[PDB]
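K.L.:
in their complex positions, the first chains:
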Amino acid sequence: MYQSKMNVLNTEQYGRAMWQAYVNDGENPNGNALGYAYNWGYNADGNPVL
């Protein structure tokens, strides 16, 4: 049996990671052009939240 199964991102986790990368770079996450559409805003401190 295969025990050392590497944990890779699922679809939702992949979308969340790409959104995080886009907002950290300051680019528009909706410009990902991979079919993801993000509803996101900011918290009190101004940090982006998804």
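P.N.:
Here it is on my side, so go on. Numbering: from 1, shown residues only, chains lettered A, B, ... in the order given.

K.L.:
helices along chain A, start to end?
P.N.:
Here chain A has its helices, by DSSP state H, at A:11-25.

K.L.:
residue most distant from the centroid, it?
P.N.:
With distances taken as CA atoms, centre = their mean, the residue sitting farthest from the centre of chain A turns out to be residue A:1, at 32.3 Å.

K.L.:
for residue A:22, see how far away the residue nearest in space to the middle of chain A is.
P.N.:
Closest residue to the average C-alpha location of chain A: residue A:16 at 2.2 Å, with CA atoms, centre = their mean. As defined by CB to CB, to the nearest Å, residue A:16 lies at a distance of 11 Å from residue A:22. For the C-beta atoms, the positions are set from N, CA and C on the backbone; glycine is no exception.

K.L.:
can you map out the strands along chain A?
P.N.:
Using DSSP state E, the strands of chain A run over A:41-42, A:48-49.

K.L.:
nearest to residue A:8, out of the ones you listed?
P.N.:
Among the strands of chain A, the nearest to residue A:8 by CB to CB is strand A:48-49 (24.1 Å).

K.L.:
contacts for that closest one next, please.
P.N.:
For strand A:48-49, contacts defined as CB atoms under 8 Å, 6 or more residues apart in numbering pick out A:23, A:40-43.

K.L.:
closest one of the residues you listed to residue A:12?
P.N.:
Of all the contacts of strand A:48-49, residue A:40 has the smallest distance to residue A:12: 14.0 Å, by CB to CB.

K.L.:
what sits against the closest one?
P.N.:
By CB under 8 Å, 6+ apart, residue A:40 lies in contact with A:19, A:23, A:29, A:48-50.

K.L.:
same thing but 6 Å
P.N.:
Applying CB atoms under 6 Å, 6 or more residues apart in numbering to residue A:40 gives the contacts residue A:50.

K.L.:
next: the one 10 residues further on.
P.N.:
Shown in contact with residue A:50 (CB under 6 Å, 6+ apart): A:19, A:40.

K.L.:
okay, chain B goes in next:
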Amino acid sequence: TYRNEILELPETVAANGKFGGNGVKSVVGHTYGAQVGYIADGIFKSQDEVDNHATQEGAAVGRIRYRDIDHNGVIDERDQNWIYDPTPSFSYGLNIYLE
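P.N.:
One more piece, chain B, placed on the ones above:
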């Protein structure tokens, strides 16, 4: 346990670093297959930390901070040192048989 070392080596072999050093430094006098790289001193967590650290290209908040080895104030290809040694401290085994 064991210790490995390379004592002499042809100049071109030391230069291209097929036996270690990544082509940056000669492996002579070091373990076979040892590698040379930068040193990661955590990550930046504030613009104050970015400014106080020695200048390096691409530094920003949340990026890896590389140590200034030679204290020249700038991070470049000379800020590298031996970081990898592919020789275990010791290897052990134990077999238990109960009847």
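
K.L.:
back to the contacts of residue A:40, now that we've got chain B?
P.N.:
residue A:50 (CB atoms under 6 Å, 6 or more residues apart in numbering or on different chains).

K.L.:
what's the spacing between it and residue A:18?
P.N.:
The gap separating residue A:40 from residue A:18 is 12 Å, by CB to CB.

K.L.:
again with residue B:11
P.N.:
Per CB to CB, residue B:11 is found 48 Å from residue A:18.

K.L.:
mind checking which of the two has more residues around it?
P.N.:
Using other CB atoms under 10 Å in any protein chain shown, the more surrounded residue of residue B:11 and residue A:18 is residue A:18, with 16 against 8.

K.L.:
could you measure from the more buried one over to residue A:35?
P.N.:
Here residue A:18 is placed at a distance of 11 Å from residue A:35 (CB to CB).

K.L.:
what does residue A:12 give?
P.N.:
13 Å.

K.L.:
checking the residue nearest to the spatial centre of chain B next. Helix, strand or coil?
P.N.:
The structure's chain B has its C-alpha centroid closest to residue B:83; by CA atoms, centre = their mean the separation is 2.4 Å. Taken by DSSP: H, G, I helix; E, B strand; the rest coil, the conformation at residue B:83 corresponds to strand.

K.L.:
pretty sure it contacts residue B:34?
P.N.:
No. Using CB atoms under 6 Å, residue B:83 is not in contact with residue B:34, being 8.5 Å away.

K.L.:
give me the nearest residue to the residue nearest to the centre of chain B, chain neighbours excluded.
P.N.:
Sequence neighbours aside, residue B:37 is the residue nearest to residue B:83 in space, at 4.9 Å (criterion: CB to CB, 6 or more residues apart in numbering or on different chains).

K.L.:
so what touches stretch A:12-27?
P.N.:
Stretch A:12-27 is contacted by residues A:29, A:32, A:36, A:38, A:48, A:50 when judged by CB under 6 Å, 6+ apart.

K.L.:
spatially nearest residue to the second one, not counting backbone neighbours?
P.N.:
Sequence neighbours aside, residue A:18 is the residue nearest to residue A:32 in space, at 5.8 Å (criterion: CB to CB, 6+ apart).

K.L.:
append chain C to the structure above:
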Amino acid sequence: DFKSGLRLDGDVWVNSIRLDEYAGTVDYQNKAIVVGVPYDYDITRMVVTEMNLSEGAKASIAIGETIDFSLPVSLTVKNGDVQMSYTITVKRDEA
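P.N.:
Placing chain C onto the earlier chains gives this:
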């Protein structure tokens, strides 16, 4: 153990729509819905009469609302956590 629970099944097809008393031809390759009118119809007030999409599929455009179709209108069909976009256009049977 690995599934994200994001319900990706989500059929989002559009069967047909009827603006007033006129049906619309649907092309899925470019996601377009073309409706023809007899070259004099008032294309500024049309009530979306019927629109059948799928089971569990919700559209941004509701049923019974009036719309100006002078220009193409974007429609989003959402099922679960997936969506599909269509462009609805109305043409006055120009010859």
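
K.L.:
take the contacts of strand A:48-49 again, chain C included.
P.N.:
Around strand A:48-49, the neighbours that count as contacts under CB under 6 Å, 6+ apart are A:23, A:41-43.

K.L.:
of the residues you listed, buried ones?
P.N.:
Buried by 16 or more other CB atoms under 10 Å in any protein chain shown: residue A:23, out of the contacts of strand A:48-49.

K.L.:
redo the contacts of strand A:48-49 as CSV? Include distance to residue B:90.
P.N.:
Output for those, formatted as CSV (distance: CB to CB, whole Å):
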residue, distance to residue B:90
A:23, 48
A:41, 55
A:42, 54
A:43, 51
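
K.L.:
now, among the contacts of strand A:48-49, which is nearest to chain C?
P.N.:
Closest to chain C out of the contacts of strand A:48-49 is residue A:41 (18.5 Å), distances taken as CB to the nearest CB.

K.L.:
may I have the beta-bridge partners of the closest one?
P.N.:
Beta bridges link residue A:41 to residue A:49, judged by DSSP bridges.

K.L.:
do you know how far residue B:7 is from residue C:40?
P.N.:
As defined by CB to CB, residue B:7 lies at a distance of 97 Å from residue C:40.

K.L.:
how about the residues of chain C that lie near chain A?
P.N.:
Selection of chain C residues close to chain A by CB under 6 Å from any CB of the partner chain yields C:4, C:6.

K.L.:
tell me the centre residue of chain C?
P.N.:
Here the mean C-alpha position of chain C is nearest to the C-alpha of residue C:75 (CA atoms, centre = their mean), at a distance of 5.3 Å.

K.L.:
which residues touch that one?
P.N.:
Contacts here follow CB under 6 Å, 6+ apart; on that basis residue C:75 touches C:59-61, C:86, C:88.

K.L.:
with respect to chain A, which of the residues you listed is nearest?
P.N.:
Among the contacts of residue C:75, and counting by CB to the nearest CB, the member closest to chain A is residue C:60, at 12.6 Å.

K.L.:
so what strands line up beside the strand ranked longest in chain C?
P.N.:
Taking DSSP E as the criterion, chain C has its longest strand at strand C:82-91. Taking DSSP bridges as the criterion, strand C:82-91 forms sheet pairs with strand C:32-36 (parallel), strand C:73-79 (antiparallel).
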